[PDB]
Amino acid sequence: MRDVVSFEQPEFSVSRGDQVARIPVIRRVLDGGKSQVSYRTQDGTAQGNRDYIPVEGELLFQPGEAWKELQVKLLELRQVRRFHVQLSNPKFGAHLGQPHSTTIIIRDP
């Protein structure tokens, strides 16, 4: 498979006070053209509009592009909560690699 798109890790840890989770997505084995995948947050114990700002959209990789950083906003309110991000719907010859979902662990300062 070429143009394989994945999260770099299955889990990331962030402090709530950081205001943003910076989530890396990579594309490997580039064939030379564009690739697209969809992405979406999904609540776990962290909930949209309470713990973070939900987002969904498309990641369009132009020729040569090997990574992106998603930025999901974190909201301020011992405590640990998690939300998820999922890749789906590869287009233009893209494929999903492992891991194609990830968990963002929000910890207190």
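Just count from 1 along the sequence shown to find any residue number.
Participant: Between residue 77 and residue 78, count the deposited residues left without coordinates and pick a bin: none, 1 to 3, 4 to 9, 10 or more.
Facilitator: Going from residue 77 to residue 78, the model skips 4 to 9 residues of the deposited sequence.
Participant: For the higher mean C-alpha B factor in the entry, choose 38 to 46 or 78 to 86.
Facilitator: Stretch with the greater average CA B-factor: 78 to 86.
Participant: Please rank the C-alpha B-factors of the chain's modelled residues and tell me whether residue 72 sits in the lowest, middle or highest third.
Facilitator: Ranked within chain, residue 72 CA B lands in the lowest tercile.
Participant: Which third of the chain holds residue 26 when residues are ordered by C-alpha B factor: lowest, middle or highest?
Facilitator: Lowest third.
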